[PDB]
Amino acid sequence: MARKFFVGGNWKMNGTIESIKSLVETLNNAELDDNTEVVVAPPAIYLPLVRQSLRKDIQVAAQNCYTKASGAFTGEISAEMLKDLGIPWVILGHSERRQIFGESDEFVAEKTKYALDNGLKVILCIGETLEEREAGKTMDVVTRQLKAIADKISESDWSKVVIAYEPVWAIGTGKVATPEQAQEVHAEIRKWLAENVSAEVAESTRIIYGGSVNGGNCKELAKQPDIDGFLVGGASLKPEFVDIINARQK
């Protein structure tokens, strides 16, 4: 419904000045679908290098931020620092921070509200484990994760949010969700947004899919009506990222 196709690339903990320059040069020479909104997320120490050298139509995302303006939080980055460097986006609630670093639903919610209130746009990650899906709890998990943010941010705040549904069993495993599998979750998420936030927020909020998206499976995924794009991990380090940006082309 007029939702602009969105492809994010999460580089995670990967890259050197040399390999990043090469990845940036590949993107700077690429032929990109004019209708795709593209964001890439480098490790924090390379945000200046990428932001200074990357084509300006591709915006830069941080991979995390904290909940406060400044203070005694060794090793944390604040939203104000991102704004200071010209970084407009931040990924929050990624599965690796929820599991490895124990980030709670409320912690992600606090981060999301702080980011939005201070000038950033948010890629908000949600997703169930294999055990939660096997237990029949997929929707219970992803709606509880979303509900923590919905209770904290205004209806207007959602215009600056992209939702990333990334089932944990699909992340890095090579087990991509099937188009039907992804479609049925995004439809249920959008339905949840209609009853709990508003019908307009449901209609305009991009819900992107992440988890083993690559050049060979992205075209079929992109045809599903409630899938508005991708959050791409392993493939965002490779030239194939360009084909995923161009997944709505024939």
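Counting begins at 1, following the sequence as shown.
Averaged over CA atoms, B-factors in the entry run higher in 177-185 than in the other of 177-185 and 60-68. For the pair 164-172 and 150-158, the mean B factor over Cα atoms is greater in 150-158. The residue among 47, 38, 199, 208 whose C-alpha carries the highest B-factor in the deposited model is 199. Split the chain's modelled residues into thirds by C-alpha temperature factor. Residue 18 is in the middle one. When the modelled residues of the chain are ordered by their C-alpha B factor, residue 237 lands in the highest third.
Ranked by C-alpha B-factor against the other modelled residues of its chain, residue 214 falls in the middle third. Ranked within its chain, residue 103 lands in the lowest third, by CA B factor from the PDB record.
Ranked by Cα temperature factor within the chain, residue 86 sits in the middle third according to the deposited record.
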